[PDB]
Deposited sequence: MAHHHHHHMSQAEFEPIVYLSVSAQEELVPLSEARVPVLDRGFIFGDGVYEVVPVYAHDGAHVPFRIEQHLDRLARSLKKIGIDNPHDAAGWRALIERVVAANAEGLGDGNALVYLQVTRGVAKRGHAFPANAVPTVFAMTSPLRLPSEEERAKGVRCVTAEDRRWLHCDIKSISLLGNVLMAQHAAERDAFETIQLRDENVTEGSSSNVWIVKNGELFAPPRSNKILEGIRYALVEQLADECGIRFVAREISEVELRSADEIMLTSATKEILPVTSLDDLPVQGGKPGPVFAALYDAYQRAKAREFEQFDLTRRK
C-alpha cells in the first residue's frame, strides 16, 4: 500500500493511502484551486534518484506565485519532503522507477469564489511506480489524434473563475464582467444583461427565467453580441445568478452607468423575479 503525506489546516500526517482524506470544503475539491508538479525519481545503484529536482521545484514555486499561493516550503524543505515520501515507499518501489506527485491547494474555507482571508495551503505528496515507455513504443512510435483546443457547463474546474472573482475583490468590486474580442461574455459567477432604449439584451447562448420575466413585462429581448463600447454606453447593466437573483450595476470601472442609479427595466424584472417566487410558494402551500 502507498504511504502518502498530507498537510491540511497546518496539521500533517504520513499515512497509508487508504487513511488519507481531505475535508470536503478544501478548495482543491470545490474549485480546482491549486497546482501540481511531478518529479521523476529513477532507480540507480539501489537508490532512487530525483531528476531535475531543482527545475521542477522552481516551476512549482512559479505556479504557486502565478495563483497567489505562498509557497509552503523553501527548496530544502521540499527536497526533504520528497526524500521522506520516497523512503517511506522504498519496499513498494523496489528497484523500479518512480514518480513523486506534489499538489498544493488554497486550503479549506466557507464556499466563496474569491481568495479567503484565513486559509492555510493544503499539501499532498505521494509516490507511485513509473513505467517509462517501452523499447517497442520507442522503436515503433505512437499514434496520436488531433482535436480542437477546449465553459457551457458548471464544472468544478473553476480556477479561472476564482481568479476573476479575486480580480473583482481586489478592486473593491462586486463582480468582474469579462470581455473577449471586444464582446461581453459573462461574470466570474453571474450572467450579464444590458438595456438600451427599453429593450433587453444578453450575449448569444439568454436564460429561460429572465426571458420569461421580460415576456411577462412586455419587454422585448434579443440575444446578440454586446460590444464593449455598447456595454459602456448602456442605459442599464444587470447581473443574474441563482444566489444573486437580479441586481443592477450602477458603476463600471469607476464610471457611472447612465446616471448611476438603477433603471426601470431592472425594477420591472426584479419585481417579476419576486412574483415567480411567490407563485412557487403558492404551489407549495397548495400541496402542503
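_Numbered from 1 along the deposited sequence, what ranges are absent from the coordinates?_
Those parts of the chain that were deposited but carry no coordinates are 1-14, 165-168, 224-231, 315-316.
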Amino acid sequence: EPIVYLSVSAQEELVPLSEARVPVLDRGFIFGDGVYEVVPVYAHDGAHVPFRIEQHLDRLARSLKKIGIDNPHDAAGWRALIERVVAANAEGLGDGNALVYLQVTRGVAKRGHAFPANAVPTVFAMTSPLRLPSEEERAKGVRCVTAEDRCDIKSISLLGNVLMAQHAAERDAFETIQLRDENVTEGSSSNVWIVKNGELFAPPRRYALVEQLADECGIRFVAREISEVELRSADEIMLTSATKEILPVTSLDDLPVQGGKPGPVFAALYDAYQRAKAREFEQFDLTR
From here on, numbers count along this sequence of modelled residues.
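*Between 187-195 and 71-79, which has the larger average Cα B-factor in the PDB entry?*
71-79 has the higher mean C-alpha B-factor.
*Please work out which of 97-105 and 207-215 has the higher mean CA B-factor as recorded in the PDB entry.*
On average, C-alpha B-factors are higher across 207-215.
_By the CA temperature factor listed in this entry, which of these ranks top: 158, 165, 88, 123?_
Out of 158, 165, 88, 123, the record gives the largest C-alpha B-factor to 88.
*Could you say whether, by C-alpha temperature factor, residue 44 belongs to the lowest, middle or highest third of its chain?*
Within its chain, residue 44 is a highest-third residue by C-alpha B-factor, going by the deposited values.
*Comparing residue 261 with the other modelled residues of its chain, is its CA B-factor in the lowest, middle or highest third?*
Its C-alpha B-factor, which the entry lists for residue 261, ranks in the highest third among residues of this chain.
*For residue 56, does the deposited CA B-factor place it in the lowest, middle or highest third of the chain?*
Ranked within chain, residue 56 CA B lands in the lowest tercile.
*Name the third of the chain's ranked CA B-factors that contains residue 17, choosing lowest, middle or highest.*
Its C-alpha B-factor, which the entry lists for residue 17, ranks in the middle third among residues of this chain.
*Compare the C-alpha B factor of residue 66 with those of the other modelled residues in its chain, then answer lowest, middle or highest third.*
Residue 66: CA B-factor falls in the middle third of its chain.
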